[PDB]
Amino acid sequence: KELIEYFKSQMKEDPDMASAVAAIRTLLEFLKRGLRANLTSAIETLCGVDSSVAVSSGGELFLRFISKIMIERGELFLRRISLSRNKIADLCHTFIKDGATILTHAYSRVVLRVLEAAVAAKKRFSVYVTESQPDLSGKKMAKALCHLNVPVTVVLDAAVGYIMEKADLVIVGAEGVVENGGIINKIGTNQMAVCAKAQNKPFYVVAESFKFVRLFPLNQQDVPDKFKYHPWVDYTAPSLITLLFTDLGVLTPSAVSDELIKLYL
Amino acid sequence: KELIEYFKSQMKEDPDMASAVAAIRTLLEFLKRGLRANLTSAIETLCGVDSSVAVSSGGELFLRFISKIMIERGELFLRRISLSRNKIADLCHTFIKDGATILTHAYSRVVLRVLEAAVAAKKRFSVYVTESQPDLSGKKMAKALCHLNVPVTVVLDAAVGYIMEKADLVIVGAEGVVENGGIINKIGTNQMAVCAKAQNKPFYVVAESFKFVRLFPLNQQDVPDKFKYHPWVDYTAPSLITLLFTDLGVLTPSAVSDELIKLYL
Amino acid sequence: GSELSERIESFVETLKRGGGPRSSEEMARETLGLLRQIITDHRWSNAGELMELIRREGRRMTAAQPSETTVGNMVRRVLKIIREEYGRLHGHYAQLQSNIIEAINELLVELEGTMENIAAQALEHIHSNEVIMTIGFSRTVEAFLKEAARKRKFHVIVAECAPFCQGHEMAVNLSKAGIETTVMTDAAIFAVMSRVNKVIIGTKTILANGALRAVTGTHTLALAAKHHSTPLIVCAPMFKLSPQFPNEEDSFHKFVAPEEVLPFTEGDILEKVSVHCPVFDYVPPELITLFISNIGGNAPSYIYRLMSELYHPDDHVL
């Protein structure tokens, strides 16, 4: 299996790199070798390794975007995906006020990008990071934010209702966005959004454009079982979400459905 | 310090025994040796070891109940406290329906008593226990309930919003009850009560009568700092609580204030 | 040249000092007149030079009164119109200028009949024996009510916006038409809200989230209406719709002198007190049910589409 080997070579050489970006680069590398479309279809039928929503979402969006201009199409598509994060930070970091109390979920490079863009604009704020422990990743987020020279406090996992009254805004990076405006993320997003709604705090979602999946879960069981695995995945209602921060602009949760209707899956 | 030694001898000889019961027994043992009231006042000024709300609450209620009949007063008071738990189980276990999905917080002997009284009345039900990990005590609750031969599932701490839609009632034992009907408990009670209120599930509190403390916190900071210690203690609003189960009967949260007005602190 | 810069300076100082003119529609008509006068008496080779000129002339009007977003987003609409004309002529000196002339004339034709179309579709939202509650003073909402009362009999609670009692004029102008109006203060809003069936308010600026700023105290009315579950009707034109995000830029509220709240004759206690008078407030889009424009009723979950159809994302900084 050379596709999984190239995926591991593109994902393990840079630990600050996303997985769906490396998957679309693997699809483009198969498109470099019609026979190229057949090889890309073979490896995308053979890429059933990662259980993330963003990987399969980017694979489906590249499978639609591919359908001799396919290589240059994937080239500027990966150019837009690579230049997405700077537009994410530049459109999102303007909402953080001075002296605010930041609430943050587990480790993701997107919220780290928007916090380093926020401290790049001369802003002072304290960040409360939930530990989020099926595995210690919120500690890794607090360690990577302590190197950023910002005041961070490692918060216990069952204290998001304890610290909600003092955290004025709740900014959480999501790993998958369904059509209505809800998000698929790590399991502690639902309780944080419900405690933010009960305390009237604005719940912000910071995710890119390739995480737009065409699914519609009603309950916590209606998310697919291949993305669940002690679950790793919850679901947040779109009524619990104030705004989204994509590269197309700062969007209300009803705009993702507009983009997916104009895109047609 | 012989008072702390007698407290450790009464609390460590039986691991299924509460702490406030042993504290009131230590106060009665000092009352066995006026000079007995002076020794009891000295050891209750010297019993600043346990940070639980129930210990200081039972100490204050015994200090009021003491004020030659003091020894027999403490004797039948400890008789009522010892016979409380059977009345707790007999008044509380009649609400659990057959085939229900039980949601349970961390380890306490009171919820274990009501679940063994529920399986004693020929009832079949599944129990979801939140792991509640500043320390692994929900695993100890699941181990002590697995010995009870009931189907228990160890639930991740950040999944109380994930499993709330399938758990039809939420029964949680509290360690301290303030006057308005709110409770002081372990830190993951607030998020569970908020997720139960957002999902309209009945949140039941199972606590005794000696846990009636005369405090009134408005926020998560207004609880005293000597009971907090990464906090171990949250606060649940009385609007988030359906019923309480005391030895005086199954009470609404507005009845604790009536009992504390009739008792006058 | 001289008359151009003179009228530009006069408009800038008029926006710096106070509210001139009083009507926002009259200020929009003067904004289109200023933009057509600045394009008819100037010289350019490329359309982007005119774009930079309109940006440089609009930055001064934005910094004149930051709470008056009508001139700024009208400048931004004219920038998108000129961009669309350059796009349809790109896929050019006099033809583009005549296209700009006929497009701004068509924009005045569309802008003169905004309140007329709102009063035309006013009938499908008011039934007989209805309790209406409003705040402040706005010509759109009172035109809505005086057209809806031509065939229906109902009641309006004219709640005053009271940093300065301007809603008394709305109550008198409705009671001259016979709407059976009732006058109260800001302190009786939730006290009377248990008998209010619908909330019909105006606004000053529709934001990009669907949020809106309006006359102050209407966030309280929106909270009481969300508590009592009544739908909110926002009768608002399509030139108060702006792409300025709420928490993105500063100077949201407009502060005036504290004389209207606490007078100068109060005494020695004025030294040790801090009296702030916001004449506007923030209303989130989840507290809003329906927007009423001249093209039809729209949702707060639909303001972004009007933002895409009326504004360009490279003009949001201006």
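What counts as what
- Residues numbered from 1 in each chain as written, not as in the entry; some residues may be left out.
- Chains lettered and ligands numbered in written order.
- Part of a larger assembly, values for the part shown.
- Heavy atoms only, no water.
- Residues with missing side-chain atoms left out of burial classes, pairs and counts.
- Domains from an automatic or database assignment.
- Helix = DSSP H or I, 4+ residues; strand = E, 2+ residues; numbered from the N terminus.
- Nonpolar A, V, L, I, M, F, W, Y, C, P; charged D, E, K, R; others polar.
- Least-squares fit on C-alpha atoms.
- Contact = heavy atoms within 4.5 Å.
- Buried area = accessible area lost by both parts, 1.4 Å probe.
- Salt bridge = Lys/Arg side-chain N within 4 Å of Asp/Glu carboxyl O.
- Pairing = 2+ DSSP bridges.
- Axes fitted to C-alpha atoms, helices over the stretch in contact; angles between N-to-C directions.
- Buried < 20%, exposed > 50% of the residue type's maximum accessible area, 1.4 Å probe, protein only.
- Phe/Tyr/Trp six-rings, centres within 6.5 Å; stacked < 30°, edge-to-face > 60°.
- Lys NZ or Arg CZ within 6 Å of the ring centre and 35° of its normal.

Enquirer: Even after reading the chapter, I still don't get the domain arrangement of chain A, so can you show me in this structure?
Expert: The parts lose accessible area when they come together, and the size of an interface is often stated as this lost area. Residue and element names in this part refer to chain A. Looking at chain A, the domain boundaries give domain 1 (2-88) and domain 2 (89-263). Averaged C-alpha coordinates put domain 1 and domain 2 at centres separated by 25 Å. Secondary-structure elements contributing two or more residues to the side of domain 1 that touches domain 2 are helix 4 (53-66) and helix 6 (84-92). Ranked by the residues each element gives to the side of domain 1 that touches domain 2, the list is headed by helix 4, at seven residues. By residue class, the composition of the side of domain 1 that touches domain 2 is six nonpolar, seven polar and four charged.

Enquirer: I tried to follow the relation of the copies chain B and chain A on my own but got confused; where do I start?
Expert: Both copies of the chain are placed relative to one another by a rotation about an axis and a shift along it. When chain B is fitted to chain A, the best match, at an RMSD of 0.0 Å, comes from turning it 180° and sliding it 0.0 Å along the axis. This pairing of chains is accounted for by a two-fold axis. The position closest to the rotation axis in chain B is occupied by the C-alpha of B:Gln191, lying 3.3 Å away. Comparing interface residues between copies, 100% of those in chain B also lie at the interface in chain A; the contact surface is shared.

Enquirer: Where do I start with the interface of chain B and chain A in this structure?
Expert: Listed per partner, the contact involves 28 residues of chain B and 28 residues of chain A. Carbon and sulfur atoms supply 60% of the area buried between chain B and chain A, which totals about 2400 Å² over both sides. Contact with chain A buries surface across chain B, with B:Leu156, B:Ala158 and B:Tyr162 losing the most and accounting together for 28% of the total. Linking chain B with chain A are zero salt bridges, by the criterion used here. When residues of the side of chain B that touches chain A are traced back to their parent elements, those giving at least two are helix 9 (189-198) and strand 8 (233-236) of chain B. Broken down by class, the residue content of the side of chain B that touches chain A amounts to 13 nonpolar, nine polar and six charged.

Enquirer: Mind showing me how you'd approach the sheet that holds strand 4 (residues 198-201) of chain C here?
Expert: Picture the strands of a sheet paired through backbone hydrogen bonds; they go either parallel or antiparallel. All names here are of chain C. In space, the seven strands of this open sheet follow the order 3-2-1-4-7-9-10, with mixed pairing throughout. Because the sheet does not close on itself, it has two edges, and the strands there are strand 3 (181-184) and strand 10 (296-298). On average, adjacent strands in this sheet sit at an angle of 25° to one another, irrespective of strand direction. Looking at chain direction, strand 1 (residues 131-135) and strand 2 (residues 155-159) are connected through five bridges and run parallel.

Enquirer: Explanation requested: the side chain of B:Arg85 in the structure shown.
Expert: Residue and element names in this part refer to chain B. Checked against the element boundaries, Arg85 lands in helix 6 (residues 84-92). What makes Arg85 buried here is its relative accessible area of 19%. For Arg85, the residues in contact, after removing those within four places along its chain, are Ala18, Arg109, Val110, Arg113 and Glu208.

Enquirer: Just to check I follow, could you spell out the packing of aromatic side chains for this structure?
Expert: For any pair of aromatic rings, the description consists of the separation of the ring centres together with the inter-plane angle of the planes. Under the criterion given, the structure shown has ten aromatic pairs over all chains. Judged by centre distance (5.6 Å) and plane angle (65°), the rings of A:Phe95 and A:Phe245 are edge-to-face. Through a chain of ring-to-ring contacts, three or more aromatic side chains come together here, namely A:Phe95, A:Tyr204, A:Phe245 and C:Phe245. The ring of C:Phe252 carries C:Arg213 above its face, with NZ or CZ at 4.2 Å from the centroid.

Enquirer: How do you make sense of the sheet that holds strand 7 (residues 203-205) of chain A when you look at a structure like this?
Expert: Residues and elements named next belong to chain A. Strand order across the open sheet formed by seven strands is 3-2-1-4-7-9-10, with mixed pairing between neighbours. Edge positions in the sheet fall to strand 3 (152-155) and strand 10 (249-251), since each of these pairs with one other strand and no more. Sheet twist, expressed as the average angle between the axes of neighbouring strands with direction ignored, equals 25°. Where strand 1 (residues 101-104) lies against strand 2 (residues 126-130), four bridges are found, and the strand directions are parallel. Within strand 2, the residue paired with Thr101 across the bridge is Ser126.

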